[PDB]
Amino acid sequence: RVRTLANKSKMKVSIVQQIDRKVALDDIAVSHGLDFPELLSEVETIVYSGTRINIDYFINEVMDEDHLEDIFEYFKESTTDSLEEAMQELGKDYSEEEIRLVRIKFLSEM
């Protein structure tokens, strides 16, 4: 009913557990009453904390393999992981959502 830091903390644990069980990210979003970009923001929070996740099962199903390869190469060769920088370089070809997803994979693989 009202967000608290404890329920936010528990939600993130839940999202991780769902990702481990290979639940589709869009299904996870619905399960928590989130829009897709809101879910991406939680997953980014999770990844920033150093939590090891793996969303290949989802990326491989929904994304164009060439888009994935080219966005990933951009991150491999980049100096900063910044989304703003990635949009400046890649935004003429790829959406924010594609770039955010591959960025999650890239940061998670550190």
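Numbering starts at 1 and follows the sequence shown.
J.: Take the C-alpha B-factors listed in the entry for 64 to 72 and for 25 to 33, compute each mean, and give the stretch with the larger one.
T.: Of 25 to 33 and 64 to 72, the stretch with the higher C-alpha B-factor average is 25 to 33.
J.: Could you check the entry and say whether 79 to 87 or 34 to 42 has the higher mean CA B-factor?
T.: Higher of the two, by average CA B-factor, is 34 to 42.
J.: Name the third of the chain's ranked CA B-factors that contains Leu5, choosing lowest, middle or highest.
T.: Tercile = lowest for this residue's CA B-factor.
J.: Which third of the chain holds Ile19 when residues are ordered by C-alpha B factor: lowest, middle or highest?
T.: Middle third.
J.: Using only modelled residues of the chain, where does the Cα B factor of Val102 rank: lowest third, middle third or highest third?
T.: Its C-alpha B-factor, which the entry lists for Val102, ranks in the highest third among residues of this chain.
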